[PDB]
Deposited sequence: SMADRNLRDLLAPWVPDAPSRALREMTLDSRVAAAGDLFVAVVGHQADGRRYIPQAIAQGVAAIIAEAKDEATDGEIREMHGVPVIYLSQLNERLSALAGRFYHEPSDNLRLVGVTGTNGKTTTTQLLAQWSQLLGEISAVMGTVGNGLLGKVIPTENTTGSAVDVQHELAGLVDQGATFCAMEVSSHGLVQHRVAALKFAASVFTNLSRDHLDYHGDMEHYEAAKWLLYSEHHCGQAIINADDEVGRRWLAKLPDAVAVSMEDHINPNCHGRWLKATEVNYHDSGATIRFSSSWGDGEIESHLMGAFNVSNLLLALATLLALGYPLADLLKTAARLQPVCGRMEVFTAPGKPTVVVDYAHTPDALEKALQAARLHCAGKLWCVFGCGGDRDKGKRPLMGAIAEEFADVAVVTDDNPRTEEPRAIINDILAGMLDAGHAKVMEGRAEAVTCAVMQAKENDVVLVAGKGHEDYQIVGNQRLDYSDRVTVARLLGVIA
């Protein structure tokens, strides 16, 4: 890596100097490094230039704002210092060139929106890998090849993607935060596809918000646009994007305009997942999904439309659909012959618990059971709100412990019960393992038991002890299966 080569597109006069790593932080700036001095949230990296020089950096690129002309080449203690205008905007392109353009050496799919980003990126990564890609994810639960996801500036993004390119990745599904896009953290990435999953009442604010977002997207390499037409903003944007794919399970495909599309024609929500019949511009089909709830049908259809748009054959996608797995502890289904369906979900807030019960109800011909508690030595305000949700959206509420820590366990349970119209209806069982057993052994064959609050977590905090305990293991053992 060479300062001269790195800067050729922007500064033709740049000195030839070997470069090791690229860093924004003067503290880690080692001998041979490139130090990038940017102006951020009241923080001015140019303050740290002499300290970086003193640690033996090979060269510095720095904001020109107030200090120099764009492409002005200076030299301090024999260290080249090159100044660039609007460096925050160009950091992605600069790091891209530094790391040999990693988004041009694999198929990068970006997923944006408030929800379904984790699940949709996981589905894209799993499905593409089943079709023979070596697949990776970058998002909220961390970066890596599938099954090896280790838990962030424009430089970090390009560096991480290059790391995945080096480990052999040929496909990467990336969560793009609303916050990342606006701060230019993905400004130079070549997206093969951009997936849109899903305080704006005054119509000037919707107009500004849209204008701000449309400007950003016009500046990115978005590749194929795949948009949820079940979202009202999704629809407006599809009207303006004649090449975008429309995806719907709520009858919002308008075939007069929308050129390419995919819609769920009917969904049977059953005791072990969802049977999805669909029509698309690529042809028709039926998918056996092992994911639970209406939102996971949407997420799966977005991943499908995206992979069809990129040229993956419909017959190969249909033949692998049944191998798609839940994100561990996210509406994760456990079934066994002649036993109640059991779902483990991490829902530990009033809103998450309501969504997970509504999701669970679709699959439930009999009674819906909710086994849950609330953390001790934490905010107590959600307790009566989670009681009232469980009483309303479930048929049987089984209230138990969930990380009581040092707090009197029955105290927490009382606060939960206080939120209910009829606390006497609720079952209380202390010992979470025993409360899960209660629900699972008493539930009928066509009942569903939702076990809420822990998801993937493999500990119960009682006092200051992290006891070995897993909802998933307890359920799997009661059902006579393997977690």
Just jot down which stretches of the deposited chain sequence have no CA coordinates, in the order they come. 1-4, 156-160, 208-211
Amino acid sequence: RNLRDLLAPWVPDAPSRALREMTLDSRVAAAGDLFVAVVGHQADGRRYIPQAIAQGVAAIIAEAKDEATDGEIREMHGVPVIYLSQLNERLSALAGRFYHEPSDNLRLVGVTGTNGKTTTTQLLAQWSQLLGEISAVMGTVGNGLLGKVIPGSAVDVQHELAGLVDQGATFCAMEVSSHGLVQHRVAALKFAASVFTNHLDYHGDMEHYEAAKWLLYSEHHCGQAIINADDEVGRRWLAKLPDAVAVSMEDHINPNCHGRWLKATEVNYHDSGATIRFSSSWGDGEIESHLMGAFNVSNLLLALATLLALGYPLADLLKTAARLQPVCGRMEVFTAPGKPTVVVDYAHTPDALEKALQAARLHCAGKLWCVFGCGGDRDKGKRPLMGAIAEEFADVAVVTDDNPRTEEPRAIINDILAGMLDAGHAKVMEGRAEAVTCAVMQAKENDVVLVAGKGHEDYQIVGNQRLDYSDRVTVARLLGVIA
From here on, numbers count along this sequence of modelled residues.
Higher mean Cα B-factor in the deposited model: 326-334 or 142-150? 142-150
Ranked by mean Cα B-factor in the entry, 428-436 and 51-59, top stretch is 51-59
Highest Cα B-factor in the PDB entry belongs to which of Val28, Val451, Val448, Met441? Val28
Taking the entry's C-alpha B-factors for this chain, is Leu24 in the lowest, middle or highest third? highest
Sorting the chain's CA B-factors, does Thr275 end up in the lowest, middle or highest third? lowest
Against its chain's modelled residues, does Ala483's Cα B factor rank lowest, middle or highest third? highest
Taking the chain's C-alpha temperature factors as the reference, tell me which third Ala14 falls into: lowest, middle or highest. highest
Once the chain's modelled residues are ordered by C-alpha B factor and cut into thirds, is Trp127 in the lowest, middle or highest one? lowest
